[PDB]
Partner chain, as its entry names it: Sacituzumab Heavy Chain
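So this first bit is one chain, no partners, the form solved without its partner chain, shown in structure tokens.
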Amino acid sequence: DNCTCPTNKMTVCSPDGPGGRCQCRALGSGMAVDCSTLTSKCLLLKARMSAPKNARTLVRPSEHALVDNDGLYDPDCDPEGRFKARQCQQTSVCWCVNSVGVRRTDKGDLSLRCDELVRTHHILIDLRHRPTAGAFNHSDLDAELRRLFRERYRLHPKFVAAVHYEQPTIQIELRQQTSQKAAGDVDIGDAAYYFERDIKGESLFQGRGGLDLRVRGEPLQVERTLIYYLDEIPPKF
């Protein structure tokens, strides 16, 4: 039936529409999905944290259990798929987040109010690949990288601000102001999240398990990944 969501396999899809139309929904949220573009980072985080409703013979994580990524959580998303500017956990604990969903203010109680969703317009991606004889020249790197950020992540070439290379560290700087973003353009935060997941081996694409990055045909593997976010307003700590 080929009923699939190529740009998001973290979904459920079934040919049960009128005429058998393939209908799909975001796992963990029941939100709608565009199977021909990037799904917003907030819905993807909800999908990753989704619990089955009936555990059956599965067990559930203890309330006191912890996870490696201490910034990882199940988020609340608005109808357009953006993070709600105020996020909460443990019933009362509450804080504000930016457009990428990173805590930006001191934590408080339910009385906290976040004026707006501060937009992250600048993203630094620092990759440390394992040493290899292929010191692919910067030119060939920018070429496949911008190609990927345009043809895989569907981000527009101006929003790729710059790429750097000093072995064994590759660096991609992304810039997208609200003034430069036409509606229906892919946001840099979503393409950056798809990139982070492709690097770390949990690709969100259909049939792809990770980033099969090949410059001039030689595979390149990344050891360490560090991503920094710069938004319109400085964090208020």
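Note that the rigid core is defined as the largest set of C-alphas that superpose within 1.5 Å between two forms. Numbering follows the first chain given and starts at 1.
Just so it is clear, the following notes concern the form solved in complex with its partner chain, a form of the same protein that is not shown.
Next item on the list: Using a 4.5 Å heavy atom cut-off, state whether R152 contacts its partner chain in the entry with it bound.
Entry: Yes, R152 lies within 4.5 Å of its partner chain in the entry with it bound.
Note to self: Using a 4.5 angstroms cut-off on non-hydrogen atoms, would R130 count as touching its partner chain in the entry with it bound?
What the structure shows: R130 belongs to the contact set for its partner chain.
Notebook entry, point to check: Does its partner chain come within 4.5 Å of any heavy atom of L148 in the entry with it bound?
Noted result: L148: yes, in contact with its partner chain in the entry with it bound.
Check: Does any heavy atom of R21 come within 4.5 Å of a heavy atom of its partner chain in the entry with it bound?
Finding: Taking the distances in the entry with it bound, the answer for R21 is no, it never comes within 4.5 Å of its partner chain.
Notebook entry, point to check: For the stretch 198-229, which residues lie within 4.5 Å of its partner chain in the entry with it bound by non-hydrogen atom distance?
Noted result: Counting only heavy atoms within 4.5 Å of its partner chain in the entry with it bound, the contacting residues of 198-229 are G207, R208, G209, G210, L211, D212, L213, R214, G217, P219, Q221.
Notebook entry, point to check: Would you say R208 moves between this form and the one not shown, meaning its CA shifts by 2 Å or more once the core is fitted?
Noted result: Shift at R208: 2 Å or more after core fit.
Check: Comparing between this form and the one not shown on the rigid core: C-alpha of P61 shifted by 2 Å or more?
Finding: Yes, the C-alpha position differs by at least 2 Å between this form and the one not shown.
Margin query: Superposed on the rigid core, does the Cα of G71 end up 2 angstroms or more away between this form and the one not shown?
Written below: Yes; that C-alpha moves by at least 2 Å between this form and the one not shown.
Check: Did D68 and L204 drift closer or farther in the entry with it bound, going by a CA distance change of 3 angstroms or more?
Finding: Relative to this form, farther apart in the entry with it bound.
Margin query: Since the Cα-Cα distance for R60 and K200 shifts by 3 angstroms or more in the entry with it bound, is it a contraction (closer) or an expansion (farther)?
Written below: Relative to this form, closer in the entry with it bound.
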